[PDB]
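**Q** Handing you this structure, nothing more for now.
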Number of protein chains: 4
Amino acid sequence: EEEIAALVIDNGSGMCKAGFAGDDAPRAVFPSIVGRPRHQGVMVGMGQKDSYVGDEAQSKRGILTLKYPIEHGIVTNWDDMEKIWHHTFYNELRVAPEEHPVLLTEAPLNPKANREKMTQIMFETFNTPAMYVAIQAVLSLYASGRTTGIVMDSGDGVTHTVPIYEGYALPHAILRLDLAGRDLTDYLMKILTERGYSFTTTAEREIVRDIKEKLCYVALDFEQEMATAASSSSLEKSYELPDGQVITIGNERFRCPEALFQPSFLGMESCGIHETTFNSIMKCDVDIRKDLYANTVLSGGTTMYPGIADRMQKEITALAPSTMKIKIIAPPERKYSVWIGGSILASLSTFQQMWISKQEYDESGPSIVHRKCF
Amino acid sequence: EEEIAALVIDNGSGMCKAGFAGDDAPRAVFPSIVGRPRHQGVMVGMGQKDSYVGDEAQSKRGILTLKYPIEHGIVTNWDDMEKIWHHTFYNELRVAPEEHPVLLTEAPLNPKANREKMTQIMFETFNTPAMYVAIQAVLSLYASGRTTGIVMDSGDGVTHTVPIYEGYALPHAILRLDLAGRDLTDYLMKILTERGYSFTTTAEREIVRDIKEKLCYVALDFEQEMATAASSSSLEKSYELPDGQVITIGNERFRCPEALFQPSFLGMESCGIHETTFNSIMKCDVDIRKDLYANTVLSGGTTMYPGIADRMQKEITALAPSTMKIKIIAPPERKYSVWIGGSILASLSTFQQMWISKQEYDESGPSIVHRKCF
Amino acid sequence: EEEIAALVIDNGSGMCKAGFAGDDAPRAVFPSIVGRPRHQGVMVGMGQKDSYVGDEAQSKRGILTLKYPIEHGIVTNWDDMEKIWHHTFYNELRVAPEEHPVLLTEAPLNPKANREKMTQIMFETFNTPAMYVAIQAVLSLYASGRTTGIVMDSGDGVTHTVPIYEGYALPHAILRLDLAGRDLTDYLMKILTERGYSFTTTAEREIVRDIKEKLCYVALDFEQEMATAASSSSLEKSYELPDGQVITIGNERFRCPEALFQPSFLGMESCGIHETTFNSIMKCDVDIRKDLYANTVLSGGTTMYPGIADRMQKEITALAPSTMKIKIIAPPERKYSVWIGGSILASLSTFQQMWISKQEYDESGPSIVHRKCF
Amino acid sequence: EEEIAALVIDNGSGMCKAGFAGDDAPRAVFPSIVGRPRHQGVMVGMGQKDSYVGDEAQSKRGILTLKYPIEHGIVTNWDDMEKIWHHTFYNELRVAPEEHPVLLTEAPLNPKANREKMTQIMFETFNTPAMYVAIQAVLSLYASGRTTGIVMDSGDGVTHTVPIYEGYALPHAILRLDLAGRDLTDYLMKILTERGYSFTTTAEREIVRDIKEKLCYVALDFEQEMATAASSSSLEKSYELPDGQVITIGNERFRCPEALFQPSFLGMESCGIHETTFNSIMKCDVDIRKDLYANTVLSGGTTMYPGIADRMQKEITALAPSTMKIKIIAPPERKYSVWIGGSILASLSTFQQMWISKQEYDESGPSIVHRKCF
Ligand SMILES: Nc1ncnc2c1ncn2[C@@H]1O[C@H](COP(=O)(O)OP(=O)(O)O)[C@@H](O)[C@H]1O
Ligand SMILES: Nc1ncnc2c1ncn2[C@@H]1O[C@H](COP(=O)(O)OP(=O)(O)O)[C@@H](O)[C@H]1O
Ligand SMILES: Nc1ncnc2c1ncn2[C@@H]1O[C@H](COP(=O)(O)OP(=O)(O)O)[C@@H](O)[C@H]1O
Ligand SMILES: Nc1ncnc2c1ncn2[C@@H]1O[C@H](COP(=O)(O)OP(=O)(O)O)[C@@H](O)[C@H]1O
Ligand SMILES: [Mg+2]
Ligand SMILES: [Mg+2]
Ligand SMILES: [Mg+2]
Ligand SMILES: [Mg+2]
């Protein structure tokens, strides 16, 4: 008589997005933090709570300590992590998770001690009829409507690439880097002490993160800008703190995003973001390199810096031979690319035969996810 | 009022040609390979097939393993071989094989365990009204319009000669060599590692084969060219890979085709291609040697190397006595010589009495081919 | 008045061994790496060097980047490679290379652009009175004191086989595979992320390599062990990192060495180590296959895994016909088999007439090595 | 208590037999082949010879090319042929040929350019005191102890008959055929490709020859056996190759020896072995035909096929008139019949006056053999 749908929860590491299948945008988006008070309080006639989750913690962050339940794509705290899902199902979507299947996302090359515990939580605490776990990068390709190209995923905790030629994925060419937005925010705080501003409290870290995504951009030619910025002052901008003071940042605007292409700034030795894509392609066969060069897809929040498309094209061209053409495909909605691909996949007619049923969990539940989602 | 035609299928070993009788060119030509995927695939919304046959496999050869159903003129796989014929009858010629007789070709000195199974397949699976099997080399003589001369057949798996004086064939002078294009391609890969290029995958073998038939030629004087090529550099050519890189080959241009005249390079002890023709002629009677010397006919794909006619004339002259004249007849269309001869033979007025009827198969079908085609 | 000896330098790809002729063991063994600092340093009163070569780099590897001058048996860097030889001649053997002939080793089927540059370095920079280059696998047979059998060489960069019947070698049966210890170490790092341990730095790669040669073994029956290891826990061992933490590895003990017999794990399509030996033997004549089956000789560092002799016998028996007996000869000192054979060869009375003299280099020096060592 | 031993060699074409006079069996028997290496060799510490003669070549035939110095009873190579005699005199009989007369055998109707060169070799290189040349077939009659009958000689290169009535020989009735064991071996290789086994190398020809003299027999009624062999399978036998594989031959057991009675199989037009004997007898006078019919003597290696005596009796009876009785005399030791007759002849008291002395050679040596041995 009625019909059902499927929830898509792109958990990620740093921001949680939830919604219903069939739509083109998430319904609820909120940062994933857990805060606790650190004082005693003197007032008696107040309904003082014990823990704040989600947007509420972002409001009263002057008297709390904020802790992130997920670090580098691997969840470390489970008591706090249970609270995040409990908030999403009840106070945001207002849907009881007992008749609607759930779909999750998870980064590649992670311990399968993680995927085991995800099965235990949702099949015991909430008792969902079905669930499935998919790679984040693969879902990004569904949004573009294409089945050929190498996808670059760069969220807040991890950065990985996976090539797909045509309906097949090569598992031996997957790479991974532990360099993402969290490392850039800590780097910006280190170099913002240059002008006399010092932020040390975890509450003040949120203020620094806001500056990063409001005034930073990637320079087309790094060396030329430093000469220009040193002489004149046309690149200086002013920002206003919540306290009322005004701060001005000069050459720091493009020094922070430049760390993506030169990881040597942070003290880590590794290839840049542009060189990782080149190495991934060269690990494929000789007849696939032509199509992959003409289809490169970007995704993730970190990629949203203005002018990042032009710089990536220049870097790849100098490395690849001059005969073929290099094209970077950067859709304007790349921030929600992962979530949209999840909605399309869960609505396919032929995908309904791949769910993990409640009956299957009864026999070898903690180990079924390894083989059925391989 | 309505007449039926006859299909000619020069199966060969390495390339299949099909067409209708009465024409001067085959209608469908495609390599005979069968490919299967070797990965798992992650995409759901794709019509992923299980096996690719013919030109389709040559397109997506970056994710497949290619296997040849025929090796050295003897078919080894029958499940894959059935697929090749099924593709030819339906998806290329678009004719139902239930009212048109079929004609095949087959190399001499092969096991008649082979010709038995060919009868079983076409008289049970497709139920053709009639069929006939003929020697490949004999059909080549019909195209030239002559009935006197020794024909040299050199395809991709076998190389054989058969002399015919006048309307009669001598069965005791037929020779055979297991040296053909497949051995040359493997030899080229072995010596192409000299300059740093290494091809090992079966998909990369197709790239090496393309180079062979685009840049190789036979030298008139082998020893003189090596002295010339070593000093100067006017014999160097450049080729472009599908990946975009450029490769240059020097003295390797004529080292590969030279293996035909000196089989000692490959580690096999045997006479060269030129010496085999001499030995075949000397096995005939004393009054036939004059006419055979003045009519030598070449055929097959391997013979298409430029400058092979001049070298063969020089080799034979040094062996035969100086009195008679040696002439090598190399028509410009020798690549399709076998097929054209099949079309003419099937259209003869007096050949219609030699078909193998469906009634004859009922009594001693698996054994009738031995006596009726003798 | 005095007498001369000959130095033997089994260069290999990954470890260098040097010594004097007539002995039974190398005098100096050290890894072949070159390291450079990646920081600036603040201390003034220190004798800070610019580059570290050999065992010194292995000590202070916490602040250096290690680079291998040789990859896959083909040297890529010559400035760094010159440093390795300079260290060996002076700081380890303490002998001036101006009166003692030198002997080298080199893998088969390599570009002879390589052997040309080896001649240039030793005849100009050091000016050695004589030198000679020999195949690695052939030298291994001298140590066994036998002249009949197929030798399997598996070092760190290459894996090749060459058959020798009796005093003669067949050059058309030599095979080669690009699968060696370096590929196994990278594979172990990929699957060691399963339990939460992540090594990414080139300095941390040396730690992973140490685990491989201290806790890994080859299982007699691969499928049976997985069933046993999954249920019980008697196959688990513990290892201690330099930092102090303890790590435990379960079924990963035998999953890494199993990649030798099934190259499909790494994404490469090729025959296993056992199947390559079978194909090499079948390329010989019909009367040689009996003696080669009864004499198989192993060598190289990779072959030192416990229990590899028993597994190889089982694999060959299933392929070869049951009549003959299969014997695998694995001497306990197979790690130094190549070097010992070099010492014996350089001490033979009849070998002194095959050196390349300084006079010969003056005429056609860069090209004499091709013909005199053929 | 003293005599001059005689060395008696029945050179033949395909096998050499040597021994001393007065014995009943040859002392040394070995195939007459000469082999040379066709590779280069890498080993230094080996006593590698340049040419192998006799039984040694039969051992290491996997790396050599075997050449027969004698073809069709006419020696073609003299440098190789000198080596065969040098081996026999020194390394097998261990007797210096300077005091013992030598006796040879030679087929009839051969060029007396041959017998001239035999005189030159033994009277210059070895300087034997005396020598004599005799017809092979005549010597066969001495072994039987009879002086009336027609002898059939069929070795490996030639087949000839000569009638002798009583103490006299008729020179105008001698016949000759170029059909012997060598033609049968080549025929067997041609029809053994029927079942999929292909032997092409000269080393593999020796394996085919071994099968011929171990599993072949002559059928009493050719047409009846084919009907029997086609229906049932009681005539199939299995043979084991040196490699270990097993092969089975069906009706090929008696198809090869049948070519002797029907030369039309090989493409040669001639009378059979049975018809040649009939034609030879009919060339004699009318009063001799009765005794010759009752005494037919066989000899040679080719005649050793089982059941050849019964078939020959049936063939002759149908041709000759029914009045007289036909008897075929086939002694069990017919393989050494020629040699034994040589031993008896050289020991006769009245034969010592027919030697060719060293003094006679000085005047007209190259021409004395024509008249003194007429
Ligand atoms: N406009 C922007 N410019 C730069 N960085 C941005 C921008 N918007 C978001 N980010 C970065 O995106 C990071 C999170 O990316 P996101 O894709 O939301 O993570 P996840 O993949 O876990 O959902 C933040 O930590 C922030 O630094
Ligand atoms: N232009 C060319 N130059 C050199 N070789 C060629 C050329 N065209 C075809 N060949 C060779 O001819 C072979 C094809 O022979 P084919 O006609 O298929 O014989 P068959 O039909 O008996 O199998 C291929 O293996 C290829 O190497
Ligand atoms: N005990 C061991 N167990 C497993 N592997 C080993 C052991 N000892 C050495 N190896 C492997 O052998 C390799 C060394 O090979 P080596 O003898 O240097 O070859 P080459 O001299 O040709 O370079 C190392 O990479 C290492 O992985
Ligand atoms: N048992 C046998 N069955 C069949 N053929 C045989 C047998 N023994 C020997 N032969 C044939 O006889 C030949 C040997 O003849 P041989 O006595 O050497 O003649 P000659 O001495 O004149 O050379 C061989 O080629 C072999 O084929
Ligand atoms: Mg994301
Ligand atoms: Mg052809
Ligand atoms: Mg080694
Ligand atoms: Mg004889």
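Since chain A takes its numbers from Swiss-Prot, the residues it shows come out as 2-375.
Structure method, as recorded: electron microscopy, 3.4 Å.
Even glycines carry a Cβ here, placed using N, Cα and C.
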**Q** Looking at A:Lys84, A:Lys118, A:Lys359, which one is marked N6-methyllysine in Swiss-Prot?
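**A** Swiss-Prot records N6-methyllysine at A:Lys84.
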**Q** Here are some residues: A:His73, A:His88, A:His275. Which is flagged as tele-methylhistidine in Swiss-Prot?
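**A** Out of A:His73, A:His88, A:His275, Swiss-Prot attaches the tele-methylhistidine annotation to A:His73.
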**Q** Return the member of A:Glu2, A:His73, A:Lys84 nearest to A:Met44 (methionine (R)-sulfoxide) in space, with distance defined Cα to Cα and candidates limited to these modified residues.
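**A** Among A:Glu2, A:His73, A:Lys84, A:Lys84.
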**Q** What's the CA-CA gap between A:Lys84 (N6-methyllysine) and A:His73 (tele-methylhistidine) in angstrom, rounded?
**A** 19
**Q** At the level of the C-alpha atoms, what whole-angstrom distance separates A:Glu2 (N-acetylglutamate) and A:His73 (tele-methylhistidine)?
**A** 45
**Q** Whole-number Å only: compute the distance from the Cα of A:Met47 (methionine (R)-sulfoxide) to the Cα of A:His73 (tele-methylhistidine).
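**A** Between the alpha carbons of A:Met47 (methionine (R)-sulfoxide) and A:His73 (tele-methylhistidine) there are 38 Å.
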**Q** Any same-chain residues 6+ apart from A:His73 (tele-methylhistidine) with CB under 8 Å of its CB? Would you list them in sequence order, or say none?
**A** A:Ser14, A:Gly158, A:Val159, A:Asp179
